[PDB]
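2 protein chains.
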Amino acid sequence: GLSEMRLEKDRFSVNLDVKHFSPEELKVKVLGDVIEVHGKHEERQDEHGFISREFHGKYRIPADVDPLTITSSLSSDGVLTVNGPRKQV
Amino acid sequence: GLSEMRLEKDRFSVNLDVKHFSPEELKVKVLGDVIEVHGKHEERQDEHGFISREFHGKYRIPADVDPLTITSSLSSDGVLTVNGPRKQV
Numbered sequence: 001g002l003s004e005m006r007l008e009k010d011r012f013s014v015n016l017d018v019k020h021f022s023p024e025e026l027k028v029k030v031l032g033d034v035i036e037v038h039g040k041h042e043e044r045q046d047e048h049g050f051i052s053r054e055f056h057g058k059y060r061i062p063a064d065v066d067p068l069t070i071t072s073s074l075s076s077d078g079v080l081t082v083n084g085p086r087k088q089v
Numbered sequence: 090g091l092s093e094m095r096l097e098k099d100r101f102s103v104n105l106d107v108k109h110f111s112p113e114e115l116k117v118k119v120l121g122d123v124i125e126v127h128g129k130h131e132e133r134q135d136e137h138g139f140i141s142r143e144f145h146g147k148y149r150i151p152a153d154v155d156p157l158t159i160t161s162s163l164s165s166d167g168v169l170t171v172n173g174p175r176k177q178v
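Protein chains in written order, with the numbering used here: chain A, 1 to 89; chain B, 90 to 178.
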């Protein structure tokens with residue numbers, strides 16, 4: 001559903017549901033040992049009105065993770081896959 | 090996907106994707122002629138770490154809508170259906 005996180009023994013990959021969001025609006029903030037994720041839907045006022053959608057979350061990487069190894073790639077299905085293997089994995 | 094809004098000619102029904110969220114964490118704030126929606130996933134720190142998910146949005150009702158008529162009901166599938174017929178509809 002929405003709580004889609006791959007918790008392995010030596011790595012991880014979060015699959016955030018951000019369909020109809022743009023890579024430009026998606027942020028992955030790897031700081032120290034925590035990741036702040038963002039994703040806001042371009043505000044488009046109309047019949048439906050102002051859009052202030054923010055489908056994001058937060059993932060705190062284990063202390064034994066090398067930040068460098070952390071990557072992300074939004075798929076066309078709108079799934080933001082954030083894979084961050086642990087140090088020397 | 091995530092941008093799921095039913096825009097009719099005399100009414101509307103927004104179907105917000107908030108699976109794995111609780112009605113207690115969901116808010117619908119009908120004020121004047123705008124609706125501020127909220128929905129935060131209970132923070133549960135673990136392997137995955139602190140959870141700060143906020144899958145919400147914003148819908149500005151037409152001026153010809155009676156706020157009283159506006160209702161909402163989270164389904165078991167995790168779809169928050171917010172139906173708000175216009176005045177005298």
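Yeah, the Cβ is synthetic: ideal placement off N, Cα and C, and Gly gets one too.
Going by beta carbons, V107 (chain B) and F139 (chain B) fall outside the 8 angstroms limit.
Look at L68 (chain A) here: in three-state DSSP terms it is helix. Taking the Cα of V28 (chain A) as reference, the smallest distance to any Cα among A:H20, A:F21 and A:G39 is reached at A:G39.
In this chain, the beta strand (DSSP E) harbouring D106 (chain B) covers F101 to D106.
If you compare the alpha carbons of B:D166, B:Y148, B:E93 and B:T160 with that of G173 (chain B), the shortest gap goes to B:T160. The beta-carbon of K176 (chain B) is placed no less than 8 angstroms from the nearest beta-carbon of chain A. The alpha-carbon separation between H130 (chain B) and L16 (chain A) amounts to approximately 13 angstroms.
Taking C-beta atoms as the reference points, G78 (chain A) and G90 (chain B) count as a pair closer than 8 angstroms. Sequence-distant Cβ neighbours of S52 (chain A) in its own chain, meaning closer than 7 angstroms and more than five residues away, are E43.
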